[PDB]
file entry-v3.pdb (PDB, C-alpha atoms)
ATOM      1  CA  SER A   1     -98.670  15.824  10.649
ATOM      2  CA  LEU A   2    -102.105  17.048  11.654
ATOM      3  CA  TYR A   3    -100.614  19.749  13.893
ATOM      4  CA  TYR A   4     -98.631  20.867  10.854
ATOM      5  CA  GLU A   5    -101.966  21.037   9.043
ATOM      6  CA  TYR A   6    -103.242  23.305  11.837
ATOM      7  CA  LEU A   7    -100.194  25.546  11.442
ATOM      8  CA  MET A   8    -100.513  25.538   7.650
ATOM      9  CA  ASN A   9    -104.164  26.578   7.839
ATOM     10  CA  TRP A  10    -103.365  29.405  10.250
ATOM     11  CA  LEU A  11    -100.337  30.602   8.282
ATOM     12  CA  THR A  12    -101.915  30.563   4.821
ATOM     13  CA  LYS A  13    -105.583  31.353   5.531
ATOM     14  CA  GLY A  14    -105.885  32.719   9.065
ATOM     15  CA  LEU A  15    -108.130  29.754   9.857
ATOM     16  CA  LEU A  16    -108.836  28.276  13.273
ATOM     17  CA  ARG A  17    -111.244  25.786  11.756
ATOM     18  CA  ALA A  18    -111.743  22.627  13.820
ATOM     19  CA  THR A  19    -108.834  22.827  16.253
ATOM     20  CA  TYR A  20    -110.899  21.985  19.363
ATOM     21  CA  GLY A  21    -108.626  24.010  21.626
ATOM     22  CA  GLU A  22    -105.448  22.174  20.591
ATOM     23  CA  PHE A  23    -103.828  25.232  18.980
ATOM     24  CA  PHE A  24    -101.952  28.006  20.764
ATOM     25  CA  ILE A  25    -104.075  30.582  18.892
ATOM     26  CA  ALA A  26    -107.757  30.691  19.804
ATOM     27  CA  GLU A  27    -110.461  32.862  18.315
ATOM     28  CA  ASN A  28    -111.658  35.145  21.101
ATOM     29  CA  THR A  29    -114.936  36.895  20.283
ATOM     30  CA  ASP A  30    -115.492  37.326  24.036
ATOM     31  CA  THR A  31    -115.730  41.079  24.613
ATOM     32  CA  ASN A  32    -117.102  43.196  27.453
ATOM     33  CA  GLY A  33    -118.884  45.919  25.474
ATOM     34  CA  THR A  34    -115.574  47.403  24.332
ATOM     35  CA  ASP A  35    -115.348  46.952  20.552
ATOM     36  CA  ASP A  36    -118.417  44.769  20.063
ATOM     37  CA  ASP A  37    -117.888  44.933  16.280
ATOM     38  CA  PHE A  38    -114.085  44.472  16.359
ATOM     39  CA  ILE A  39    -113.204  47.895  15.014
ATOM     40  CA  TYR A  40    -110.007  48.001  17.119
ATOM     41  CA  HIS A  41    -109.446  44.433  18.240
ATOM     42  CA  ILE A  42    -109.073  41.598  15.689
ATOM     43  CA  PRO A  43    -110.674  39.123  18.136
ATOM     44  CA  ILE A  44    -107.845  36.583  18.323
ATOM     45  CA  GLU A  45    -105.751  35.807  21.399
ATOM     46  CA  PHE A  46    -102.352  34.122  21.664
ATOM     47  CA  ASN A  47    -101.823  31.861  24.686
ATOM     48  CA  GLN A  48     -98.123  31.631  25.497
ATOM     49  CA  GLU A  49     -98.788  28.674  27.810
ATOM     50  CA  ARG A  50    -100.057  26.492  24.935
ATOM     51  CA  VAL A  51     -97.046  26.875  22.627
ATOM     52  CA  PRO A  52     -95.652  23.349  22.116
ATOM     53  CA  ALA A  53     -92.144  22.747  23.415
ATOM     54  CA  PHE A  54     -90.895  22.069  19.873
ATOM     55  CA  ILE A  55     -91.716  25.615  18.698
ATOM     56  CA  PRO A  56     -89.619  28.572  19.928
ATOM     57  CA  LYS A  57     -91.677  31.338  21.507
ATOM     58  CA  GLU A  58     -90.174  33.736  18.962
ATOM     59  CA  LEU A  59     -91.396  31.574  16.083
ATOM     60  CA  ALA A  60     -94.725  31.193  17.886
ATOM     61  CA  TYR A  61     -95.102  34.974  18.030
ATOM     62  CA  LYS A  62     -94.094  35.120  14.367
ATOM     63  CA  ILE A  63     -96.803  32.567  13.533
ATOM     64  CA  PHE A  64     -99.399  34.528  15.497
ATOM     65  CA  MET A  65     -98.371  37.730  13.735
ATOM     66  CA  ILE A  66     -98.399  36.162  10.262
ATOM     67  CA  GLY A  67    -101.936  34.924  10.824
ATOM     68  CA  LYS A  68    -103.059  38.203  12.376
ATOM     69  CA  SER A  69    -101.572  40.156   9.470
ATOM     70  CA  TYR A  70    -103.238  37.904   6.909
ATOM     71  CA  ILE A  71    -106.626  38.352   8.585
ATOM     72  CA  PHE A  72    -105.963  42.091   8.864
ATOM     73  CA  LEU A  73    -105.038  42.508   5.190
ATOM     74  CA  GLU A  74    -107.977  40.388   4.038
ATOM     75  CA  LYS A  75    -110.772  41.727   6.225
ATOM     76  CA  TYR A  76    -109.940  45.353   7.038
ATOM     77  CA  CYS A  77    -107.521  46.378   4.286
ATOM     78  CA  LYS A  78    -109.785  44.616   1.738
ATOM     79  CA  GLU A  79    -106.613  43.371   0.022
ATOM     80  CA  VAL A  80    -108.274  40.265  -1.359
ATOM     81  CA  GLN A  81    -106.230  39.639  -4.512
ATOM     82  CA  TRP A  82    -102.847  39.986  -2.810
ATOM     83  CA  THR A  83    -103.893  37.957   0.221
ATOM     84  CA  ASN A  84    -105.109  35.213  -2.120
TER      85      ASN A  84
ATOM     86  CA  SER B   1    -120.089  19.554  -8.716
ATOM     87  CA  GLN B   2    -118.731  19.616 -12.279
ATOM     88  CA  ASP B   3    -122.079  20.350 -13.922
ATOM     89  CA  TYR B   4    -122.848  22.926 -11.228
ATOM     90  CA  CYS B   5    -119.534  24.605 -12.026
ATOM     91  CA  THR B   6    -120.569  24.527 -15.685
ATOM     92  CA  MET B   7    -123.888  26.236 -14.954
ATOM     93  CA  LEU B   8    -122.221  28.820 -12.718
ATOM     94  CA  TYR B   9    -119.538  29.523 -15.332
ATOM     95  CA  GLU B  10    -122.202  30.012 -17.989
ATOM     96  CA  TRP B  11    -124.233  32.351 -15.781
ATOM     97  CA  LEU B  12    -121.069  34.258 -14.879
ATOM     98  CA  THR B  13    -119.554  34.670 -18.353
ATOM     99  CA  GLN B  14    -122.580  34.667 -20.687
ATOM    100  CA  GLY B  15    -125.660  35.169 -18.505
ATOM    101  CA  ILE B  16    -127.183  31.946 -19.877
ATOM    102  CA  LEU B  17    -129.618  30.082 -17.626
ATOM    103  CA  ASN B  18    -129.979  26.461 -18.753
ATOM    104  CA  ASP B  19    -131.630  25.061 -15.617
ATOM    105  CA  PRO B  20    -134.160  22.348 -16.495
ATOM    106  CA  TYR B  21    -134.086  20.774 -13.011
ATOM    107  CA  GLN B  22    -134.702  23.942 -10.928
ATOM    108  CA  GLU B  23    -131.249  23.955  -9.331
ATOM    109  CA  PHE B  24    -129.326  27.166  -9.954
ATOM    110  CA  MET B  25    -129.085  30.039  -7.486
ATOM    111  CA  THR B  26    -131.308  32.186  -9.703
ATOM    112  CA  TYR B  27    -133.789  31.858 -12.552
ATOM    113  CA  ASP B  28    -135.878  33.913 -14.964
ATOM    114  CA  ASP B  29    -139.630  34.114 -14.606
ATOM    115  CA  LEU B  30    -141.835  34.417 -17.727
ATOM    116  CA  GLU B  31    -140.599  30.992 -18.884
ATOM    117  CA  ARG B  32    -142.765  41.978 -25.073
ATOM    118  CA  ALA B  33    -140.936  39.426 -22.905
ATOM    119  CA  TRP B  34    -138.295  41.892 -21.720
ATOM    120  CA  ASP B  35    -139.621  43.088 -18.330
ATOM    121  CA  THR B  36    -138.102  39.943 -16.841
ATOM    122  CA  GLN B  37    -137.975  39.414 -13.082
ATOM    123  CA  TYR B  38    -135.262  37.286 -11.499
ATOM    124  CA  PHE B  39    -135.663  35.235  -8.349
ATOM    125  CA  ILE B  40    -133.109  33.639  -6.038
ATOM    126  CA  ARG B  41    -133.693  30.128  -4.704
ATOM    127  CA  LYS B  42    -132.535  30.592  -1.123
ATOM    128  CA  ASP B  43    -132.532  26.832  -0.518
ATOM    129  CA  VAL B  44    -129.946  25.924  -3.183
ATOM    130  CA  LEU B  45    -127.425  28.647  -2.350
ATOM    131  CA  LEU B  46    -123.759  27.822  -1.834
ATOM    132  CA  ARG B  47    -123.280  30.354   0.981
ATOM    133  CA  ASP B  48    -125.925  30.880   3.638
ATOM    134  CA  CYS B  49    -126.343  34.603   2.816
ATOM    135  CA  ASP B  50    -126.312  35.841   6.418
ATOM    136  CA  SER B  51    -123.262  38.091   6.791
ATOM    137  CA  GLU B  52    -122.509  41.136   4.669
ATOM    138  CA  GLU B  53    -119.701  39.762   2.502
ATOM    139  CA  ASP B  54    -121.767  36.711   1.569
ATOM    140  CA  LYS B  55    -124.626  38.963   0.454
ATOM    141  CA  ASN B  56    -122.153  41.145  -1.438
ATOM    142  CA  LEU B  57    -120.840  38.081  -3.278
ATOM    143  CA  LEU B  58    -124.324  36.693  -3.953
ATOM    144  CA  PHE B  59    -125.606  39.946  -5.416
ATOM    145  CA  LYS B  60    -122.386  40.416  -7.383
ATOM    146  CA  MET B  61    -122.986  37.032  -9.016
ATOM    147  CA  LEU B  62    -126.613  37.929  -9.717
ATOM    148  CA  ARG B  63    -125.701  41.307 -11.211
ATOM    149  CA  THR B  64    -122.917  39.815 -13.330
ATOM    150  CA  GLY B  65    -125.373  37.380 -14.862
ATOM    151  CA  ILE B  66    -128.037  40.055 -15.328
ATOM    152  CA  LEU B  67    -125.701  42.492 -17.086
ATOM    153  CA  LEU B  68    -124.314  39.778 -19.347
ATOM    154  CA  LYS B  69    -127.822  38.652 -20.294
ATOM    155  CA  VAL B  70    -128.746  42.259 -21.090
ATOM    156  CA  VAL B  71    -125.647  42.682 -23.273
ATOM    157  CA  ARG B  72    -126.399  39.394 -25.021
ATOM    158  CA  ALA B  73    -130.064  40.223 -25.618
ATOM    159  CA  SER B  74    -129.436  43.718 -26.987
ATOM    160  CA  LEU B  75    -127.053  42.565 -29.741
ATOM    161  CA  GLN B  76    -129.520  39.769 -30.662
ATOM    162  CA  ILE B  77    -126.648  37.291 -30.352
ATOM    163  CA  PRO B  78    -126.791  33.878 -28.620
ATOM    164  CA  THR B  79    -123.371  34.198 -26.955
ATOM    165  CA  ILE B  80    -120.782  36.871 -26.185
ATOM    166  CA  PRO B  81    -117.459  36.355 -28.021
ATOM    167  CA  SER B  82    -114.510  35.725 -25.727
ATOM    168  CA  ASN B  83    -112.592  38.635 -27.312
ATOM    169  CA  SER B  84    -115.149  41.249 -26.199
ATOM    170  CA  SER B  85    -112.950  42.114 -23.198
ATOM    171  CA  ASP B  86    -109.360  41.956 -22.003
ATOM    172  CA  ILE B  87    -110.470  40.292 -18.747
ATOM    173  CA  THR B  88    -110.783  36.626 -19.727
ATOM    174  CA  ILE B  89    -112.299  34.092 -17.323
ATOM    175  CA  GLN B  90    -111.163  30.490 -16.978
ATOM    176  CA  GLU B  91    -113.459  27.562 -16.300
ATOM    177  CA  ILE B  92    -114.003  26.275 -12.774
ATOM    178  CA  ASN B  93    -112.075  22.993 -12.827
ATOM    179  CA  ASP B  94    -111.963  22.407  -9.043
ATOM    180  CA  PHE B  95    -115.105  23.259  -7.085
ATOM    181  CA  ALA B  96    -113.592  22.385  -3.706
ATOM    182  CA  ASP B  97    -110.750  24.839  -4.310
ATOM    183  CA  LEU B  98    -113.186  27.483  -5.577
ATOM    184  CA  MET B  99    -115.209  27.181  -2.362
ATOM    185  CA  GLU B 100    -112.093  26.910  -0.176
ATOM    186  CA  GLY B 101    -111.801  30.593   0.711
ATOM    187  CA  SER B 102    -111.640  33.979  -1.001
ATOM    188  CA  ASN B 103    -111.184  32.087  -4.289
ATOM    189  CA  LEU B 104    -114.880  32.407  -5.129
ATOM    190  CA  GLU B 105    -114.769  36.104  -4.250
ATOM    191  CA  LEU B 106    -111.941  36.767  -6.710
ATOM    192  CA  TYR B 107    -113.558  34.620  -9.389
ATOM    193  CA  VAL B 108    -116.833  36.523  -9.107
ATOM    194  CA  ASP B 109    -114.856  39.779  -8.979
ATOM    195  CA  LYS B 110    -113.158  39.033 -12.299
ATOM    196  CA  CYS B 111    -116.479  37.995 -13.834
ATOM    197  CA  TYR B 112    -118.083  41.192 -12.521
ATOM    198  CA  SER B 113    -115.274  43.339 -13.904
ATOM    199  CA  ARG B 114    -115.618  41.752 -17.345
ATOM    200  CA  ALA B 115    -119.405  42.085 -17.224
ATOM    201  CA  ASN B 116    -119.284  45.752 -16.219
ATOM    202  CA  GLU B 117    -116.658  46.519 -18.861
ATOM    203  CA  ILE B 118    -118.742  44.950 -21.628
ATOM    204  CA  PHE B 119    -122.019  46.453 -20.395
ATOM    205  CA  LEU B 120    -120.582  49.963 -20.140
ATOM    206  CA  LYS B 121    -118.929  49.652 -23.547
ATOM    207  CA  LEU B 122    -122.274  48.598 -25.023
ATOM    208  CA  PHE B 123    -124.331  51.355 -23.427
ATOM    209  CA  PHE B 124    -121.881  54.240 -23.803
ATOM    210  CA  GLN B 125    -121.083  53.419 -27.424
ATOM    211  CA  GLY B 126    -123.932  51.518 -29.078
TER     212      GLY B 126
END
call {"tool": "encode", "arguments": {"input": "entry-v3.pdb", "output": "structure tokens"}}
result
Amino acid sequence: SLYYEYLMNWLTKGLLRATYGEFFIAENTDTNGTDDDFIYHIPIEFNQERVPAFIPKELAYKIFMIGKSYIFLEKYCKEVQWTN
Amino acid sequence: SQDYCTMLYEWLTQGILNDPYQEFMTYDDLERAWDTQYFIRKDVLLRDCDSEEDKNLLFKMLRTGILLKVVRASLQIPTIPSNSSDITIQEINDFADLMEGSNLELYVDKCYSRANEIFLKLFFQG
């Protein structure tokens, strides 16, 4: 139930709030001078080794992409009303 | 947070500052009296005002209230009728939801649109 809450947060808000490394999508602001301000990056990585066995890797990639596209639309496309 | 939502709704839709306990984000000085200066109590803010979008939202709230107070003071009226614009604002009936995410940003955006519409109507016509 709480993992479903994790997934629901990520899928409807792009949130990785209080997951403590239990989610297969971790915020990754670790850069090496390339794109320090995330102009090209969207600093979020997707660990394929952390996908739980009860989620198909295709649906895991779809989850990652839904969250990435929500964050994209809300932060860079400034589409606030539609994202909300 | 119900009374805080009430104060914020009043400041966002009518520019009224009824703050007897020194609580709201902003307040008028000077208790002739028109060169008013506003302040912002940094301590009582809802968002920490560190990043750029938080400052954008904070100053959008402040400007919405300022413009609505100007409109309300020019016409010598105590409140702005709810029909003065096509953009109508609802009351904040769930503060937790309002502060959940971009909800506050859209709420302040609607209030700012209504305030700018009324202010520009008033200046460019009256």
call {"tool": "residues_around", "arguments": {"input": "entry-v3.pdb", "residues": "residue 114 of chain B", "least_positions_apart": "4", "cutoff": "9 Å", "atoms": "all atoms listed in the file", "output": "list in words"}}
result
residues 13, 64, 84, 85, 86, 87, 88, 89, 109, 110, 118 and 119 of chain B
call {"tool": "write_last_selection", "arguments": {"input": "entry-v3.pdb", "atoms": "C-alpha atoms", "output": "PDB file, keeping the file's coordinate frame"}}
result
ATOM      1  CA  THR B  13    -119.554  34.670 -18.353  1.00  0.00           C
ATOM      2  CA  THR B  64    -122.917  39.815 -13.330  1.00  0.00           C
ATOM      3  CA  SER B  84    -115.149  41.249 -26.199  1.00  0.00           C
ATOM      4  CA  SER B  85    -112.950  42.114 -23.198  1.00  0.00           C
ATOM      5  CA  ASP B  86    -109.360  41.956 -22.003  1.00  0.00           C
ATOM      6  CA  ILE B  87    -110.470  40.292 -18.747  1.00  0.00           C
ATOM      7  CA  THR B  88    -110.783  36.626 -19.727  1.00  0.00           C
ATOM      8  CA  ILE B  89    -112.299  34.092 -17.323  1.00  0.00           C
ATOM      9  CA  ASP B 109    -114.856  39.779  -8.979  1.00  0.00           C
ATOM     10  CA  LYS B 110    -113.158  39.033 -12.299  1.00  0.00           C
ATOM     11  CA  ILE B 118    -118.742  44.950 -21.628  1.00  0.00           C
ATOM     12  CA  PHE B 119    -122.019  46.453 -20.395  1.00  0.00           C
TER      13      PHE B 119
END
call {"tool": "interface_residues", "arguments": {"input": "entry-v3.pdb", "of": "chain B", "to": "chain A", "cutoff": "10 Å", "atoms": "only C-alpha atoms", "output": "PyMOL selection string"}}
result
chain B and resi 53+100-103+105-106+109
call {"tool": "atom_distance", "arguments": {"input": "entry-v3.pdb", "atom1": "atom CA of residue 6 of chain B", "atom2": "atom CA of residue 95 of chain B"}}
result
10.3 Å
call {"tool": "atom_distance", "arguments": {"input": "entry-v3.pdb", "atom1": "atom CA of residue 23 of chain B", "atom2": "atom CA of residue 52 of chain B"}}
result
23.8 Å
call {"tool": "closest_residue", "arguments": {"input": "entry-v3.pdb", "among": "B:59, B:39, B:123, B:107", "to": "residue 9 of chain B", "atoms": "all atoms listed in the file"}}
result
B:107
call {"tool": "residues_around", "arguments": {"input": "entry-v3.pdb", "residues": "residue 19 of chain A", "least_positions_apart": "6", "cutoff": "12 Å", "atoms": "only C-alpha atoms", "output": "count of residues only"}}
result
11
call {"tool": "atom_distance", "arguments": {"input": "entry-v3.pdb", "atom1": "atom CA of residue 69 of chain B", "atom2": "atom CA of residue 10 of chain B"}}
result
10.6 Å
call {"tool": "residues_near_point", "arguments": {"input": "entry-v3.pdb", "point": "(-120.4, 46.7, -12.0)", "cutoff": "9 Å", "atoms": "all atoms listed in the file", "output": "VMD selection string"}}
result
chain B and resid 60 63 to 64 67 112 to 117 119 to 120
call {"tool": "write_last_selection", "arguments": {"input": "entry-v3.pdb", "atoms": "C-alpha atoms", "output": "mmCIF file, keeping the file's coordinate frame"}}
result
data_model
loop_
_atom_site.group_PDB
_atom_site.id
_atom_site.type_symbol
_atom_site.label_atom_id
_atom_site.label_comp_id
_atom_site.auth_asym_id
_atom_site.auth_seq_id
_atom_site.Cartn_x
_atom_site.Cartn_y
_atom_site.Cartn_z
ATOM 1 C CA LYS B 60 -122.386 40.416 -7.383
ATOM 2 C CA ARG B 63 -125.701 41.307 -11.211
ATOM 3 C CA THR B 64 -122.917 39.815 -13.330
ATOM 4 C CA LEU B 67 -125.701 42.492 -17.086
ATOM 5 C CA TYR B 112 -118.083 41.192 -12.521
ATOM 6 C CA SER B 113 -115.274 43.339 -13.904
ATOM 7 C CA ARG B 114 -115.618 41.752 -17.345
ATOM 8 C CA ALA B 115 -119.405 42.085 -17.224
ATOM 9 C CA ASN B 116 -119.284 45.752 -16.219
ATOM 10 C CA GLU B 117 -116.658 46.519 -18.861
ATOM 11 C CA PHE B 119 -122.019 46.453 -20.395
ATOM 12 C CA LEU B 120 -120.582 49.963 -20.140
#
call {"tool": "resolve_selection", "arguments": {"input": "entry-v3.pdb", "expression": "the PyMOL selection byres ((chain A and resi 48-52) around 10)", "output": "list in words"}}
result
residues 21, 22, 23, 24, 25, 45, 46, 47, 53, 54, 55, 56, 57, 59, 60 and 61 of chain A
call {"tool": "resolve_selection", "arguments": {"input": "entry-v3.pdb", "expression": "the PyMOL selection byres ((chain B and resi 40) around 9)", "output": "PDB file with C-alpha atoms, in the coordinates of the input"}}
result
ATOM      1  CA  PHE B  24    -129.326  27.166  -9.954  1.00  0.00           C
ATOM      2  CA  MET B  25    -129.085  30.039  -7.486  1.00  0.00           C
ATOM      3  CA  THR B  26    -131.308  32.186  -9.703  1.00  0.00           C
ATOM      4  CA  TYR B  27    -133.789  31.858 -12.552  1.00  0.00           C
ATOM      5  CA  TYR B  38    -135.262  37.286 -11.499  1.00  0.00           C
ATOM      6  CA  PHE B  39    -135.663  35.235  -8.349  1.00  0.00           C
ATOM      7  CA  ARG B  41    -133.693  30.128  -4.704  1.00  0.00           C
ATOM      8  CA  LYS B  42    -132.535  30.592  -1.123  1.00  0.00           C
ATOM      9  CA  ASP B  43    -132.532  26.832  -0.518  1.00  0.00           C
ATOM     10  CA  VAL B  44    -129.946  25.924  -3.183  1.00  0.00           C
ATOM     11  CA  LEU B  45    -127.425  28.647  -2.350  1.00  0.00           C
ATOM     12  CA  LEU B  62    -126.613  37.929  -9.717  1.00  0.00           C
TER      13      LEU B  62
END
call {"tool": "resolve_selection", "arguments": {"input": "entry-v3.pdb", "expression": "the PyMOL selection byres ((chain B and resi 80) around 10)", "output": "ChimeraX atom specification"}}
result
/B:13-15,68-69,71-73,75,77-79,81-85,118
call {"tool": "axis_aligned_box", "arguments": {"input": "entry-v3.pdb", "around": "segment 31-48 of chain A", "padding_each_side": "6 Å", "output": "lines of an AutoDock Vina configuration file"}}
result
center_x = -108.5
center_y = 39.8
center_z = 21.2
size_x = 32.8
size_y = 28.4
size_z = 24.4
call {"tool": "closest_residue", "arguments": {"input": "entry-v3.pdb", "among": "B:98, B:19, B:1, B:108", "to": "residue 57 of chain B", "atoms": "all atoms listed in the file"}}
result
B:108
call {"tool": "closest_residue", "arguments": {"input": "entry-v3.pdb", "among": "A:66, A:71, A:77, A:11", "to": "residue 42 of chain A", "atoms": "only C-alpha atoms"}}
result
A:71
call {"tool": "decode", "arguments": {"input": "entry-v3.pdb", "residues": "segment 34-64 of chain A", "atoms": "N, CA and C atoms", "output": "CSV table (one decimal), in the first residue's frame"}}
result
chain,number,residue,atom,x,y,z
A,34,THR,N,29.1,19.2,-16.3
A,34,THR,CA,28.2,19.2,-17.5
A,34,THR,C,26.7,19.5,-17.0
A,35,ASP,N,26.2,20.6,-17.5
A,35,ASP,CA,24.8,20.9,-17.2
A,35,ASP,C,24.6,21.1,-15.6
A,36,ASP,N,25.3,22.0,-15.1
A,36,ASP,CA,25.2,22.3,-13.6
A,36,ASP,C,23.8,22.8,-13.3
A,37,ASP,N,23.1,23.5,-14.2
A,37,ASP,CA,21.8,24.0,-14.0
A,37,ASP,C,20.7,23.2,-14.7
A,38,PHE,N,21.0,22.0,-15.1
A,38,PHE,CA,20.0,21.1,-15.7
A,38,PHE,C,19.2,21.8,-16.8
A,39,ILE,N,20.0,22.3,-17.8
A,39,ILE,CA,19.4,22.8,-19.0
A,39,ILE,C,19.1,21.7,-20.0
A,40,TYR,N,19.9,20.6,-19.9
A,40,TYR,CA,19.7,19.5,-20.9
A,40,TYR,C,19.4,18.2,-20.2
A,41,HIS,N,19.2,18.1,-18.9
A,41,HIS,CA,19.4,16.8,-18.2
A,41,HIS,C,18.1,16.3,-17.6
A,42,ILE,N,17.4,17.1,-16.9
A,42,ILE,CA,16.3,16.6,-16.0
A,42,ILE,C,16.9,15.6,-15.0
A,43,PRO,N,17.5,16.1,-13.9
A,43,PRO,CA,18.4,15.3,-13.1
A,43,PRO,C,17.6,14.2,-12.3
A,44,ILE,N,17.3,13.1,-13.1
A,44,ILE,CA,16.5,12.0,-12.5
A,44,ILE,C,17.0,10.7,-13.3
A,45,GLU,N,17.5,9.8,-12.5
A,45,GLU,CA,17.9,8.5,-13.1
A,45,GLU,C,16.9,7.4,-12.8
A,46,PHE,N,17.1,6.3,-13.5
A,46,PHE,CA,16.1,5.2,-13.5
A,46,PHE,C,16.9,3.9,-13.4
A,47,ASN,N,17.0,3.3,-12.2
A,47,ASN,CA,17.8,2.1,-12.0
A,47,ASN,C,17.0,0.9,-12.4
A,48,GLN,N,17.4,0.2,-13.4
A,48,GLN,CA,16.7,-1.0,-13.8
A,48,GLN,C,16.9,-2.2,-12.9
A,49,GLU,N,17.9,-2.1,-12.0
A,49,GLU,CA,18.1,-3.2,-11.0
A,49,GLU,C,17.2,-3.1,-9.8
A,50,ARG,N,16.5,-1.9,-9.6
A,50,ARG,CA,15.7,-1.7,-8.4
A,50,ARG,C,14.2,-1.9,-8.8
A,51,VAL,N,13.9,-2.2,-10.0
A,51,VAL,CA,12.5,-2.4,-10.4
A,51,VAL,C,11.9,-3.7,-9.7
A,52,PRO,N,10.9,-3.6,-8.9
A,52,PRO,CA,10.4,-4.8,-8.2
A,52,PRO,C,9.9,-5.8,-9.1
A,53,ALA,N,10.0,-7.1,-8.7
A,53,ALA,CA,9.7,-8.2,-9.6
A,53,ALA,C,8.2,-8.3,-10.0
A,54,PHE,N,7.4,-7.5,-9.3
A,54,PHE,CA,6.0,-7.5,-9.6
A,54,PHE,C,5.6,-6.3,-10.6
A,55,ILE,N,6.6,-5.7,-11.2
A,55,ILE,CA,6.3,-4.6,-12.1
A,55,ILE,C,7.1,-4.9,-13.4
A,56,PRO,N,6.5,-5.1,-14.6
A,56,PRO,CA,7.2,-5.4,-15.8
A,56,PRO,C,8.1,-4.2,-16.1
A,57,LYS,N,9.3,-4.5,-16.7
A,57,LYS,CA,10.3,-3.5,-17.0
A,57,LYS,C,9.7,-2.5,-18.0
A,58,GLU,N,8.8,-3.0,-18.9
A,58,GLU,CA,8.1,-2.1,-19.8
A,58,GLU,C,7.3,-1.1,-19.0
A,59,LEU,N,6.5,-1.6,-18.1
A,59,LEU,CA,5.7,-0.7,-17.3
A,59,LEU,C,6.5,0.2,-16.3
A,60,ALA,N,7.7,-0.3,-15.9
A,60,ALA,CA,8.6,0.5,-15.2
A,60,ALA,C,9.2,1.7,-16.0
A,61,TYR,N,9.5,1.4,-17.2
A,61,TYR,CA,10.0,2.5,-18.1
A,61,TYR,C,8.8,3.5,-18.4
A,62,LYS,N,7.6,2.9,-18.5
A,62,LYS,CA,6.5,3.8,-18.7
A,62,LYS,C,6.2,4.7,-17.5
A,63,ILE,N,6.4,4.2,-16.3
A,63,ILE,CA,6.3,5.0,-15.1
A,63,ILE,C,7.3,6.1,-15.1
A,64,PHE,N,8.6,5.7,-15.3
A,64,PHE,CA,9.7,6.6,-15.4
A,64,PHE,C,9.4,7.7,-16.4
